[PDB]
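Asker: Have a look at this one.
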2 protein chains.
Amino acid sequence: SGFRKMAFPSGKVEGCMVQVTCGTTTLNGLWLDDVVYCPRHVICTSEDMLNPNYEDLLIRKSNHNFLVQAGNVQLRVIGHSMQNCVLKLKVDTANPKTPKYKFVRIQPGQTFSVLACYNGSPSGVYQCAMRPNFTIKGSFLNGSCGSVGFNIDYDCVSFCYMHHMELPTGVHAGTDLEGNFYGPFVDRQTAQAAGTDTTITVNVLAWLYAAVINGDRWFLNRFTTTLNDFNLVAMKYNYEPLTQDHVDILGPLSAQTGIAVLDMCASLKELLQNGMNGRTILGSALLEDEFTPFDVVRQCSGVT
Amino acid sequence: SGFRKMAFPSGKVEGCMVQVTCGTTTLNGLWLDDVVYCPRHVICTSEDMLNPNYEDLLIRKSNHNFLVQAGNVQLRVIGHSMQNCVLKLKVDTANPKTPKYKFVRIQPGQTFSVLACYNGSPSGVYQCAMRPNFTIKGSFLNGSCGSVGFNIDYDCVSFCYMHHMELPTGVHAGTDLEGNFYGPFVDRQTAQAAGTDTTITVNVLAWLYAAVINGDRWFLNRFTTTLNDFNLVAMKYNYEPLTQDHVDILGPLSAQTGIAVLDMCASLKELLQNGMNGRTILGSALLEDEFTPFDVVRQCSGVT
Ligand SMILES: Cc1ccncc1NC(=O)[C@@H]1C[C@H]1CF
Ligand SMILES: Cc1ccncc1NC(=O)[C@@H]1C[C@H]1CF
């Protein structure tokens, strides 16, 4: 029993972190096989970041200009190429610590662990969700770029995020491992509008099931609702509309607890309309949306 | 910017996790140098746990009865001994992955990361605090015993906790790495009273400084208070009494922000007396006490 915002064990990712320096800029790189992946803005000076012409800036750089260091080891760069907003630095040595891995583009509402790094060194690990508006509310300071987001399935690390920037609002933006930004963001020091965000309804429902499993039951009521009625409430409270797909993914939790999905929706409806009345759910005084139904099942069963 | 409940990178601890089996019971062990540390209740059957006589139960066990497995490797046990509530299994091989480490007994109110494990395999990592009543509100299922709590200072892992049990209330109890329980708890399946808990005042104040550093300032007011006046409020709201030692540890945050400790105490006083009025602080709708002043400084500076 107990329920925590659990991150994946970061060990397999730590073994891949390196430091990449180009000119006066230093950030983090990800060393997998004989390739180091890093944000392409490593080639920019703070002056260039206002309106960078990356193709032009990269033309002035040669393999020997990219300094890649794994702790005390210096890696020899034998190739460089830009793919979208990432630089791929071919090195002459395959990382002996390369785990089994995939590059995945996650969907909004999905969760992942971030290994925050500075100068190629891991500082900490935290679990977070990709917001419906494609931002992440992370914890990143200058030098954290190149830190990655990932999920793990037994021995396989699925890399889904690489940190590139902090918006003027203090929210974070980044790319998949092919350098495609999540959201409308560009790697330029310019004001950028993040879309209207919403709360991840299916995640809140999953978290309400986790609360029941662990003993927090006060929010359960004598009511039920329909997808249509619930969605009218979800609309008013800036929650994502619930679909049959979301109901289907909640199936295992509905089955384990014996609380029908629409009955849980009616509890969520009353919580949205009345608030928590000074009470807590799993130690939170608000409705948590950073646990997916898969996260709840995994944590509640002890999956390693 | 941004502030998260960050755990230490668990890599150095993952390299130490092993599985320990004795008879029909399996749990986690910690392999450091040529010693495997695990909870002594690995020698008990669920029947023995009601009133175990550990000295007698251990006398029936021999080195060959303790099955220690590190992933696919079987370790040869050449000695066993009980120290308080831990068993120390001497093995014939030093763990090649042993990091620099210390065994420390933490104080209540201090924080640490837990690497939750099942069958010697890491499932996840989370940050938590040792409650003033010596319990931890963790996330532990059957088979999680032997999972450890730790802090890291550059390359040194300070092991401070080993998980032994879940109280009937769903809160968790465990020992330091010499097998001494934190709190009045015993390793027996019996109802056990955890003391009256309190909120860790210095941690809440540290978190209020982190909120200011990151832009959440609405709670700052035009008032100040004294240690005596604040402690009368702390008493009423089951908060730990604030001492000059706590004020001294808050010094760096008071210096960085320019908000005097007693001025922050007056903001905390108004928050305790009036609530949050439906607002949030660093994404929380309650007063967070799981970040120490050292945690706030570390996260806010990017310490690796
Ligand atoms: C200064 C900072 C802080 C935290 N995380 C990231 C950053 N850096 C940026 O925003 C880089 C300049 C842009 C490129 F899109
Ligand atoms: C069943 C469980 C669940 C989570 N964490 C731990 C446990 N196990 C226990 O409480 C063991 C029997 C006691 C020894 F003090």
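Here, A, B, ... name the chains of the structure tokens in the order displayed, residue numbers run from 1 inside each chain, and ligands are numbered from 1 in the same displayed order.
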If the cut-off is 9 Å, can you tell me the residues of chain A near chain B, counting only C-alpha atoms? I'd like them as JSON, numbers by chain.
Answerer: {"A": [1, 2, 3, 4, 5, 6, 7, 8, 9, 10, 11, 12, 13, 14, 15, 115, 116, 117, 118, 119, 121, 122, 123, 124, 125, 126, 127, 137, 138, 139, 140, 141, 142, 143, 144, 166, 170, 171, 172, 214, 215, 280, 283, 284, 285, 286, 298, 299, 300, 301, 302, 303, 304]}
Asker: Please produce, as CSV, a per-residue contact table for chain B versus ligand 2 (criterion: any atom at most 12 Å away, only C-alpha atoms and all ligand atoms considered), showing the nearest atom pair and its distance in Å to one decimal, sorted by chain then residue number.
Answerer:
```
residue,atom,partner,partner_atom_place_in_ligand_line,distance
B:25,CA,ligand 2,12 (C),10.8
B:26,CA,ligand 2,8 (N),11.2
B:27,CA,ligand 2,8 (N),9.7
B:28,CA,ligand 2,6 (C),11.4
B:39,CA,ligand 2,14 (C),8.4
B:40,CA,ligand 2,14 (C),8.9
B:41,CA,ligand 2,14 (C),6.2
B:42,CA,ligand 2,14 (C),9.0
B:43,CA,ligand 2,14 (C),10.9
B:44,CA,ligand 2,12 (C),8.9
B:45,CA,ligand 2,12 (C),9.4
B:46,CA,ligand 2,12 (C),7.4
B:47,CA,ligand 2,12 (C),10.1
B:48,CA,ligand 2,12 (C),9.6
B:49,CA,ligand 2,12 (C),6.2
B:50,CA,ligand 2,12 (C),8.6
B:51,CA,ligand 2,14 (C),10.6
B:52,CA,ligand 2,14 (C),9.9
B:54,CA,ligand 2,14 (C),11.9
B:85,CA,ligand 2,15 (F),9.5
B:86,CA,ligand 2,15 (F),11.5
B:116,CA,ligand 2,5 (N),10.3
B:117,CA,ligand 2,5 (N),10.9
B:118,CA,ligand 2,5 (N),10.8
B:136,CA,ligand 2,5 (N),11.2
B:137,CA,ligand 2,5 (N),11.0
B:138,CA,ligand 2,5 (N),9.0
B:139,CA,ligand 2,4 (C),7.9
B:140,CA,ligand 2,4 (C),4.5
B:141,CA,ligand 2,4 (C),4.0
B:142,CA,ligand 2,3 (C),4.0
B:143,CA,ligand 2,7 (C),6.9
B:144,CA,ligand 2,5 (N),5.8
B:145,CA,ligand 2,6 (C),5.6
B:146,CA,ligand 2,6 (C),9.2
B:147,CA,ligand 2,5 (N),9.6
B:162,CA,ligand 2,6 (C),10.9
B:163,CA,ligand 2,6 (C),7.2
B:164,CA,ligand 2,15 (F),5.1
B:165,CA,ligand 2,10 (O),3.3
B:166,CA,ligand 2,10 (O),4.0
B:167,CA,ligand 2,10 (O),6.4
B:168,CA,ligand 2,10 (O),8.4
B:169,CA,ligand 2,10 (O),10.9
B:170,CA,ligand 2,4 (C),8.2
B:171,CA,ligand 2,5 (N),8.8
B:172,CA,ligand 2,5 (N),6.8
B:173,CA,ligand 2,15 (F),7.7
B:174,CA,ligand 2,15 (F),8.0
B:175,CA,ligand 2,15 (F),10.3
B:181,CA,ligand 2,15 (F),10.2
B:185,CA,ligand 2,15 (F),8.4
B:186,CA,ligand 2,15 (F),6.6
B:187,CA,ligand 2,15 (F),3.7
B:188,CA,ligand 2,15 (F),5.0
B:189,CA,ligand 2,13 (C),5.7
B:190,CA,ligand 2,15 (F),8.6
B:191,CA,ligand 2,15 (F),10.7
B:192,CA,ligand 2,15 (F),10.3
```
Asker: From a DSSP pass on the backbone, collect the residues of stretch 107-234 of chain B flagged as strand (DSSP E) and hand them back as a VMD selection string.
Answerer: chain B and resid 111 to 118 121 to 129 148 to 153 156 to 166 172 to 175
Asker: I'd like the neighbourhood of residue B:196 as an NGL selection string, where a residue qualifies if any of its atoms comes within 12 Å (using only C-alpha atoms), though same-chain residues fewer than 6 positions away should be ignored.
Answerer: :B and (131-135 or 183 or 238-240)
Asker: Let's have the selection written as a PDB file, in the first residue's frame, with N, CA and C atoms.
Answerer:
```pdb
ATOM      1  N   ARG B 131       9.141  10.847   8.620  1.00  0.00           N
ATOM      2  CA  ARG B 131       8.209  11.653   9.397  1.00  0.00           C
ATOM      3  C   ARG B 131       8.782  11.937  10.780  1.00  0.00           C
ATOM      4  N   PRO B 132       8.381  13.044  11.437  1.00  0.00           N
ATOM      5  CA  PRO B 132       8.813  13.262  12.827  1.00  0.00           C
ATOM      6  C   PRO B 132       8.509  12.068  13.739  1.00  0.00           C
ATOM      7  N   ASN B 133       7.499  11.247  13.407  1.00  0.00           N
ATOM      8  CA  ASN B 133       7.182  10.048  14.215  1.00  0.00           C
ATOM      9  C   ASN B 133       7.934   8.760  13.757  1.00  0.00           C
ATOM     10  N   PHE B 134       8.939   8.924  12.882  1.00  0.00           N
ATOM     11  CA  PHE B 134       9.844   7.886  12.377  1.00  0.00           C
ATOM     12  C   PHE B 134       9.234   6.895  11.372  1.00  0.00           C
ATOM     13  N   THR B 135       8.034   7.182  10.852  1.00  0.00           N
ATOM     14  CA  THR B 135       7.444   6.365   9.793  1.00  0.00           C
ATOM     15  C   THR B 135       7.788   7.049   8.455  1.00  0.00           C
ATOM     16  N   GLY B 183      12.150   4.698  15.176  1.00  0.00           N
ATOM     17  CA  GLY B 183      10.891   4.692  15.907  1.00  0.00           C
ATOM     18  C   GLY B 183      10.789   3.525  16.856  1.00  0.00           C
ATOM     19  N   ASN B 238      -0.341  21.650  14.690  1.00  0.00           N
ATOM     20  CA  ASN B 238       0.470  20.427  14.718  1.00  0.00           C
ATOM     21  C   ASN B 238       1.688  20.478  13.787  1.00  0.00           C
ATOM     22  N   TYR B 239       2.403  21.590  13.874  1.00  0.00           N
ATOM     23  CA  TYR B 239       3.642  21.867  13.192  1.00  0.00           C
ATOM     24  C   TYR B 239       4.772  21.744  14.211  1.00  0.00           C
ATOM     25  N   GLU B 240       5.963  21.332  13.760  1.00  0.00           N
ATOM     26  CA  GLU B 240       7.113  21.250  14.663  1.00  0.00           C
ATOM     27  C   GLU B 240       7.499  22.651  15.140  1.00  0.00           C
TER      28      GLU B 240
END
```
Asker: Which of stretch 5-125 of chain A counts as helix (DSSP H, G or I) under DSSP, as an MDAnalysis selection string please?
Answerer: chainID A and resid 11:14 40:43 48:50 54:59 63:65
Asker: Okay, now the selection with C-alpha atoms, as a PDB file, in the first residue's frame?
Answerer:
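Output below, filename part.pdb:
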```pdb
ATOM      1  CA  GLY A  11      20.520   3.686 -14.061  1.00  0.00           C
ATOM      2  CA  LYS A  12      20.301   2.690 -17.729  1.00  0.00           C
ATOM      3  CA  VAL A  13      19.967   6.352 -18.732  1.00  0.00           C
ATOM      4  CA  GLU A  14      22.834   7.564 -16.473  1.00  0.00           C
ATOM      5  CA  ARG A  40      21.361  21.637 -32.068  1.00  0.00           C
ATOM      6  CA  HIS A  41      21.415  24.952 -30.117  1.00  0.00           C
ATOM      7  CA  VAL A  42      24.776  23.739 -28.609  1.00  0.00           C
ATOM      8  CA  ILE A  43      26.278  25.510 -31.738  1.00  0.00           C
ATOM      9  CA  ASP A  48      22.726  33.674 -32.034  1.00  0.00           C
ATOM     10  CA  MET A  49      19.687  32.381 -30.107  1.00  0.00           C
ATOM     11  CA  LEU A  50      17.583  35.473 -30.934  1.00  0.00           C
ATOM     12  CA  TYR A  54      21.226  26.705 -37.841  1.00  0.00           C
ATOM     13  CA  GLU A  55      22.286  25.492 -41.321  1.00  0.00           C
ATOM     14  CA  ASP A  56      24.700  28.460 -41.578  1.00  0.00           C
ATOM     15  CA  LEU A  57      25.915  28.131 -37.979  1.00  0.00           C
ATOM     16  CA  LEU A  58      26.614  24.398 -38.421  1.00  0.00           C
ATOM     17  CA  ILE A  59      28.609  24.974 -41.665  1.00  0.00           C
ATOM     18  CA  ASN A  63      33.944  17.385 -36.076  1.00  0.00           C
ATOM     19  CA  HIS A  64      36.888  18.656 -33.914  1.00  0.00           C
ATOM     20  CA  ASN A  65      34.794  21.609 -32.643  1.00  0.00           C
TER      21      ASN A  65
END
```
Asker: Residues within 9 Å of stretch 87-90 of chain A, please, as a PDB file with N, CA and C atoms, in the first residue's frame. Count only C-alpha atoms; anything in the same chain fewer than 3 positions from it doesn't count.
Answerer:
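part-v8.pdb written:
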```pdb
ATOM      1  N   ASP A  34      27.253   4.240 -31.329  1.00  0.00           N
ATOM      2  CA  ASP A  34      28.330   5.162 -31.675  1.00  0.00           C
ATOM      3  C   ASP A  34      27.796   6.524 -32.067  1.00  0.00           C
ATOM      4  N   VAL A  35      26.666   6.963 -31.459  1.00  0.00           N
ATOM      5  CA  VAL A  35      26.096   8.261 -31.792  1.00  0.00           C
ATOM      6  C   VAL A  35      25.788   9.030 -30.510  1.00  0.00           C
ATOM      7  N   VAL A  36      26.081  10.333 -30.507  1.00  0.00           N
ATOM      8  CA  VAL A  36      25.756  11.206 -29.388  1.00  0.00           C
ATOM      9  C   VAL A  36      24.672  12.151 -29.909  1.00  0.00           C
ATOM     10  N   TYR A  37      23.530  12.211 -29.225  1.00  0.00           N
ATOM     11  CA  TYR A  37      22.413  13.053 -29.623  1.00  0.00           C
ATOM     12  C   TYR A  37      22.365  14.244 -28.682  1.00  0.00           C
ATOM     13  N   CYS A  38      22.256  15.455 -29.212  1.00  0.00           N
ATOM     14  CA  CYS A  38      22.157  16.638 -28.357  1.00  0.00           C
ATOM     15  C   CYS A  38      21.330  17.722 -29.054  1.00  0.00           C
ATOM     16  N   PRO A  39      20.820  18.726 -28.322  1.00  0.00           N
ATOM     17  CA  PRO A  39      20.076  19.803 -28.989  1.00  0.00           C
ATOM     18  C   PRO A  39      21.026  20.575 -29.898  1.00  0.00           C
ATOM     19  N   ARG A  40      20.565  20.911 -31.103  1.00  0.00           N
ATOM     20  CA  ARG A  40      21.361  21.637 -32.068  1.00  0.00           C
ATOM     21  C   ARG A  40      21.736  23.052 -31.610  1.00  0.00           C
ATOM     22  N   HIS A  41      21.047  23.617 -30.586  1.00  0.00           N
ATOM     23  CA  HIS A  41      21.415  24.952 -30.117  1.00  0.00           C
ATOM     24  C   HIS A  41      22.755  24.963 -29.342  1.00  0.00           C
ATOM     25  N   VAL A  42      23.425  23.797 -29.176  1.00  0.00           N
ATOM     26  CA  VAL A  42      24.776  23.739 -28.609  1.00  0.00           C
ATOM     27  C   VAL A  42      25.741  24.590 -29.499  1.00  0.00           C
ATOM     28  N   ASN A  63      33.951  18.464 -37.060  1.00  0.00           N
ATOM     29  CA  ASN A  63      33.944  17.385 -36.076  1.00  0.00           C
ATOM     30  C   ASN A  63      34.770  17.715 -34.825  1.00  0.00           C
ATOM     31  N   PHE A  66      33.292  19.840 -31.773  1.00  0.00           N
ATOM     32  CA  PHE A  66      32.369  19.256 -30.804  1.00  0.00           C
ATOM     33  C   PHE A  66      33.139  18.435 -29.804  1.00  0.00           C
ATOM     34  N   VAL A  68      33.164  16.098 -26.804  1.00  0.00           N
ATOM     35  CA  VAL A  68      32.258  15.178 -26.126  1.00  0.00           C
ATOM     36  C   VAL A  68      33.001  14.459 -25.054  1.00  0.00           C
ATOM     37  N   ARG A  76      36.016  10.674 -29.607  1.00  0.00           N
ATOM     38  CA  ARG A  76      36.502  11.217 -30.870  1.00  0.00           C
ATOM     39  C   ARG A  76      35.314  11.324 -31.812  1.00  0.00           C
ATOM     40  N   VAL A  77      35.033  12.524 -32.338  1.00  0.00           N
ATOM     41  CA  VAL A  77      33.905  12.776 -33.232  1.00  0.00           C
ATOM     42  C   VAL A  77      34.340  12.591 -34.678  1.00  0.00           C
ATOM     43  N   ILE A  78      33.731  11.641 -35.373  1.00  0.00           N
ATOM     44  CA  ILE A  78      34.058  11.331 -36.762  1.00  0.00           C
ATOM     45  C   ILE A  78      32.965  11.730 -37.771  1.00  0.00           C
ATOM     46  N   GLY A  79      31.893  12.344 -37.289  1.00  0.00           N
ATOM     47  CA  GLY A  79      30.812  12.801 -38.142  1.00  0.00           C
ATOM     48  C   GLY A  79      29.835  13.650 -37.363  1.00  0.00           C
ATOM     49  N   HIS A  80      29.180  14.580 -38.030  1.00  0.00           N
ATOM     50  CA  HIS A  80      28.142  15.402 -37.412  1.00  0.00           C
ATOM     51  C   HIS A  80      27.034  15.615 -38.433  1.00  0.00           C
ATOM     52  N   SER A  81      25.795  15.619 -37.970  1.00  0.00           N
ATOM     53  CA  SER A  81      24.670  15.904 -38.859  1.00  0.00           C
ATOM     54  C   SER A  81      23.515  16.411 -38.076  1.00  0.00           C
ATOM     55  N   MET A  82      22.729  17.258 -38.695  1.00  0.00           N
ATOM     56  CA  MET A  82      21.575  17.823 -38.051  1.00  0.00           C
ATOM     57  C   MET A  82      20.347  17.148 -38.570  1.00  0.00           C
ATOM     58  N   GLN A  83      19.493  16.678 -37.662  1.00  0.00           N
ATOM     59  CA  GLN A  83      18.223  16.071 -38.030  1.00  0.00           C
ATOM     60  C   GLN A  83      17.177  16.871 -37.278  1.00  0.00           C
ATOM     61  N   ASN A  84      16.368  17.669 -37.978  1.00  0.00           N
ATOM     62  CA  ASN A  84      15.389  18.536 -37.326  1.00  0.00           C
ATOM     63  C   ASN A  84      16.125  19.462 -36.282  1.00  0.00           C
ATOM     64  N   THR A  93      33.667   5.209 -30.924  1.00  0.00           N
ATOM     65  CA  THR A  93      33.470   4.173 -29.918  1.00  0.00           C
ATOM     66  C   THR A  93      31.993   4.006 -29.582  1.00  0.00           C
ATOM     67  N   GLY A 179      14.480  14.887 -33.109  1.00  0.00           N
ATOM     68  CA  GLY A 179      14.584  16.333 -33.093  1.00  0.00           C
ATOM     69  C   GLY A 179      13.348  17.099 -33.481  1.00  0.00           C
TER      70      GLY A 179
END
```
